[PDB]
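*Asks:* Okay, handing you the structure first.
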Amino acid sequence: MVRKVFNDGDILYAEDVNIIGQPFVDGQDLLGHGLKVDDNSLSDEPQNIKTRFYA
Amino acid sequence: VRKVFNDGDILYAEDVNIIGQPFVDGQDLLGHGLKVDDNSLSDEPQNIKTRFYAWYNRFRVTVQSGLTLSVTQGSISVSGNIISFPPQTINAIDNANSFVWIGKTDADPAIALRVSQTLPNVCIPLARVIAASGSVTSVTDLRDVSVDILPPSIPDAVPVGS
Amino acid sequence: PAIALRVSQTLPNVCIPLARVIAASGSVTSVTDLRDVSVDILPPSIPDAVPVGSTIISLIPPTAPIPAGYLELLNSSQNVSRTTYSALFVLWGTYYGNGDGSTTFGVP
Amino acid sequence: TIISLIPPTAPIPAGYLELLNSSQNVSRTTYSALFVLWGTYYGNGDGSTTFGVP
């Protein structure tokens, strides 16, 4: 999102689409790297690590 | 997810900026994908997944088939000596409320996985299995990391003057 | 008696085990984690009381009261209730007499 | 030493060594707390692996 921001007349290049195609959750500043994963982002399913660890 | 595109729609810069920032949280929005399950977590070692489950699922007893129960791999410490066990199987005692544990008997010094009808005083309890008619009706986890085993009462000392 | 981090040759019966280290030529070949996160400790034994059915000899005068949790051996066999002394009845049976044969058993 | 009247069919209490008619030789390492206390005083079953039992 940061270091690559689009505007109304901006061309959409194939490299940008390929980058967005691989989402990253490392919290980095790049185009496809969204944000880190907190406890909420983990699934609230009883069979998952969050529920077991909190139990 | 929330906003849906179709033929004839015009892509907007804000749409790409939203899409460019993925959020994994299960929220129903354009860029918010879904909630992270165990599979989405990295499976190679030196990661919280395998680290957590190698301790959580240690010597866990499950009904493999019929009276045959599966015990996951693990390790035990006997006076500082580490003895490792691969995943093994053992047959429950039929028509009984038996106990699956790890230890030894008076007639056998080898430390191994055993099924009895009464928990020995010195053992590592694993499960209480209720089985009937060649089938395992229920399994109750005894080595659970959430259940806490209270220690036994202080032994009655020899009476003074005796 | 001070509680601290100690490197010994054999783990004491009561302690918090941390690791086992194998050292050769002034170098550490291996360190094995003895904590709960890696291993499950098997107790060598439990602290136990005097076993049921064992006999202890005492010098206490007759005026002193009978110790709790014990039965007194008399000049003749006794008939003791099986329900009250279920532990002793289990460990002994009727090997010292059948008592009535239904609800009591004999004590030598 | 604990004296008991339990019948032969009754199991030996755990953590106890039965004393039979003759002497025995039990492993020093298996019974370490016993060997450090008694010592080689009731016999030397072997050189450095077992010790005697009256």
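*Asks:* At 7 Å along the Cα-to-beta-carbon direction for both residue B:130 and residue B:79, put a label point, then send me their distance in nm to one decimal.
*Replies:* For the pair residue B:130/residue B:79, the computed spacing is 4.0 nm.
*Asks:* Hey, got the average number of other protein chain Cβ atoms within 10 angstrom for residues in B:38-45?
*Replies:* Mean partner shielding for this stretch: 3.
*Asks:* Quick check: pseudo-label points 7 Å beyond the Cα along Cα→Cβ at residue B:144 and residue B:50, how many nm apart are they?
*Replies:* Spacing of the two 7 Å Cα→Cβ label points: 2.9 nm.
*Asks:* Also, I was wondering about something else. What distance in nm lies between label points placed 7 Å from Cα along the C-beta direction at residue D:36 and residue C:33?
*Replies:* 3.0
*Asks:* Which residues make up the longest stretch of chain B that has no chymotrypsin sites (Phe, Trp or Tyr not before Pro) in a DSSP loop with at most 12 other Cβ atoms within 10 Å?
*Replies:* Of all site-free stretches, the longest is B:13-162.
*Asks:* List, in order, the whole-Hz ³J(HN,Hα) value for each residue of segment B:22-27 obtained from phi through the Karplus relation with A = 6.51, B = -1.76, C = 1.60 and θ = phi - 60°; use x for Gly and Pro.
*Replies:* Karplus values, whole Hz, x for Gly and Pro: x, 10, 9, 8, x, 5.
*Asks:* Further question: Hey, which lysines would be in cross-link range of residue B:49, C-alpha to C-alpha under 29 Å, not counting anything within fewer than 8 residues on its own chain?
*Replies:* Leaving aside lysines fewer than 8 places away in the same chain, those within reach of residue B:49 are A:36, A:50, B:35.
*Asks:* What FRET efficiency comes out for the pair residue D:9/residue B:6, r = Cβ-Cβ distance, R0 = 56 Å, nearest 0.05?
*Replies:* Rounded to the nearest 0.05, the efficiency is 0.05.
*Asks:* Same structure again: Is the shape of segment B:27-139 best called rounded, prolate or oblate, per the rule: a/c under 1.5 gives rounded, else a/b larger than b/c gives prolate, else oblate, with a ≥ b ≥ c the square roots of the Cα gyration tensor eigenvalues?
*Replies:* Values: a/c = 3.46, a/b = 1.66, b/c = 2.09.
It comes out oblate by the Cα gyration axes.
Readers should treat all values here as calculations from the given coordinates under stated rules, not as data from a laboratory. Virtual Cβ from ideal backbone geometry, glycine too; neighbours counted across all protein chains shown.
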